[PDB]
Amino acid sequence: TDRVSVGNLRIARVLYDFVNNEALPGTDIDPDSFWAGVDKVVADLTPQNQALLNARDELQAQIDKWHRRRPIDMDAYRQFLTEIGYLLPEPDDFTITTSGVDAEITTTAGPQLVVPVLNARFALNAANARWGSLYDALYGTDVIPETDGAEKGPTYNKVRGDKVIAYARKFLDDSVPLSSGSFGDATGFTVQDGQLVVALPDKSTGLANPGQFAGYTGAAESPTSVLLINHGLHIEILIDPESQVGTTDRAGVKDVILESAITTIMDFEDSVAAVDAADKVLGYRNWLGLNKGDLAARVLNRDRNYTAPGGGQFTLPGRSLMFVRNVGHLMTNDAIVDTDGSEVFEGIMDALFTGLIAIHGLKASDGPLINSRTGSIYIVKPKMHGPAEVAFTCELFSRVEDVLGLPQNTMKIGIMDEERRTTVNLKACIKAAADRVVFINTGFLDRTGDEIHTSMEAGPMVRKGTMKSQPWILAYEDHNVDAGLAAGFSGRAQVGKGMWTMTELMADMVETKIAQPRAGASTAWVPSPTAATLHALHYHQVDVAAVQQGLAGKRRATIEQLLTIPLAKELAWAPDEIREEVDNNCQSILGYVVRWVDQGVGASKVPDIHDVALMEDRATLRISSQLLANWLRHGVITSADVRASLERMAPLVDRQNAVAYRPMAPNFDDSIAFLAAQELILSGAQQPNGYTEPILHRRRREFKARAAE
């Protein structure tokens, strides 16, 4: 049955082959030892993996019943959570010891880009998004309004181009002030006696802070570019009067380049659909090509050469420092099954295989080694529930390092704070990984899904749009930063915040997302290289190091605030508001699911009911489906409502697509994608912590089975 037997494991051939032929060569790991290690780790850790998952269910069951036997008494609730071991004692102050970490993580505040690893083109663009064109980002998005004269068309619009230029000139004034005058009036740049001199019409000036001059390229007397630094982030002015844009520019400037995506996370989790060995291998292979530096659709950037102010030479990293996000503890995958046909835990597999693969990024790739020069491997672990689950992940990494022959603590962990039991025990979760943790991050999307599911039995929840402003989530965000800073994250590890999902609303992002660095986050998530470039603006405006220093020692969220369930208040909605929420959620669910199930796309732009293009993934799906499950559970809507709305929105989703796309309508009961969507809602309450993978995986697998015949 094209599997390979190794001890108790039966490994899908396509995987076995990939590891032996592509992943193992060059790591100096004996293949047979590797596989014996896989067998041993899986056998040793599977029981504890299962025990943890069972505890989740048991805790949820107790909470469910507590709510059913019930102006919620928060004192009794908190006492109950403590009794059942949900809420655990907060450990004594400590400082993390994680070491051997690159500066991009310890010190540099800036955007963090997340990309589906299964998409090689996206993944390449992401690795290369460390440097990005500010002009392109402004010209190509709505940051520059398409007012009269400034609209985009087939050809270059000089009116729009001029606006882009002026926008950038102001950025320069704000970020790297001249001693006198504005960059808007610059006629030239030179380097004199190690000093940047900016020519203005009437005179010449230097930088208000000469320390911001980092280097240049070309002749000092008329550089081809000028390199500045601000808040640790680089800005490069490209000087080319011969260019199209350059010829029109008052100083011959062709573009302004921003260091953007300082780190990137190659995602195996919520933004990809990978339900079997073939899918996994496609992902593992891209991860491998990124680490070996030979992935090509277009190729990976080399480092950048500069001349220092003084005249000597130096270089800067040309690539985004790469993390890999493994899947969490929940799912099994049949890429490997045991003797009895039981699927093996996917998270365990990811640690072994992405860990193995990551070794290549630590060594030269005929060209310099592509990733960590300090010797670390950076893995994000999502969807953990509490300190025992974190300790488990660390033990897993420890065992994997042994199998990989890596120094202990090589595998660093970025901890998602995106489950309620982690939020309320965050200090203990960090402590559990005190020598491995390189970031914490508020995955607010999953966190919201978990919020809804945990309190499913308490009553009807507020509408999805209301969640972002609820007390529980505001406390959760502050609490995360507090715990991070108290654990000595400043200068040691990232304090990160969540994803911007409205890919077309870049004007909105630029005005809104500045709140994250202002909240003391040294990084926050963006969906694209363009978005990374625009979000980078915020880090030039905000001095995150300063903000963090000022936040130190503060306790801004109480346990009682974290525990505030987002219950709706009686009669909160008119019938039309209820129908809109239902229709909106159904359309978003159907839009995402149809492409997940039919085409194996784990992240899709799906226009919502207000026609806003929303980037959907499993987390946004978990919210939508859990909310409708909650509303159905408490009588806000009927089973006829759900069905009618699904049936109503489906044809609209069909029309929003109409590509290699199959329609769901009119034969709904025969559409696997339709049935998946339906199931996500009607079975939502019974899904473990409201997770969507069990259904999505089963249905995708069903679609694949059907398509092969």
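Note that the rigid core is defined as the largest set of C-alphas that superpose within 1.5 Å between two forms. From 1 onward, residues are counted along the sequence shown.
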Next item on the list: Could you check whether 424-432 or 610-618 drifts more from the shown form in 6 other deposited structures of this protein, using RMS Cα distance once the core is superposed?
Entry: 610-618
Notebook entry, point to check: Is the larger C-alpha RMS shift in 6 other deposited structures of this protein, relative to this form with the rigid core superposed, found in 600-608 or in 634-642?
Noted result: 600-608
Notebook entry, point to check: How about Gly367: is it missing in a third or more of the other compared entries?
Noted result: yes
Notebook entry, point to check: At least a third of the other compared entries leaving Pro71 unmodelled, is that the case?
Noted result: yes
Item checked: Deposited residues lacking coordinates between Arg70 and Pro71 (none, 1 to 3, 4 to 9, 10 or more) -> 1 to 3
Next item on the list: Classify the number of deposited-sequence residues missing from the model between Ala658 and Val659: none, 1 to 3, 4 to 9, or 10 or more.
Entry: 1 to 3
Next item on the list: Using the B-factors recorded in the PDB entry, average over the C-alpha atoms of 206-214 and of 443-451, then report which stretch comes out higher.
Entry: 206-214
Next item on the list: Going by the average Cα B-factor in the PDB entry, point out whether 579-587 or 176-184 comes out higher.
Entry: 176-184
Checklist line | C-alpha B-factor winner, where the candidates are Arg555, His234, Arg420, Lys497 | finding: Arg555
Next item on the list: Go through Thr339, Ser639, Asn326, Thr620 one by one and give the residue whose Cα B-factor in the PDB entry is largest.
Entry: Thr339
Check: Ranked by Cα temperature factor within the chain, is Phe268 in the lowest third, the middle third or the highest third?
Finding: lowest
Check: What third of its chain's C-alpha B-factors does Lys431 belong to: lowest, middle or highest?
Finding: middle
Notebook entry, point to check: Relative to the other modelled residues in the chain, which third contains the C-alpha temperature factor of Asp28: lowest, middle or highest?
Noted result: highest
Next item on the list: Would you mind ranking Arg648 by its C-alpha B-factor against the rest of the chain and naming the third, lowest, middle or highest?
Entry: middle
Margin query: Quick check on the deposited entry: does the C-alpha B-factor of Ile681 sit in the lowest, middle or highest third of its chain?
Written below: lowest
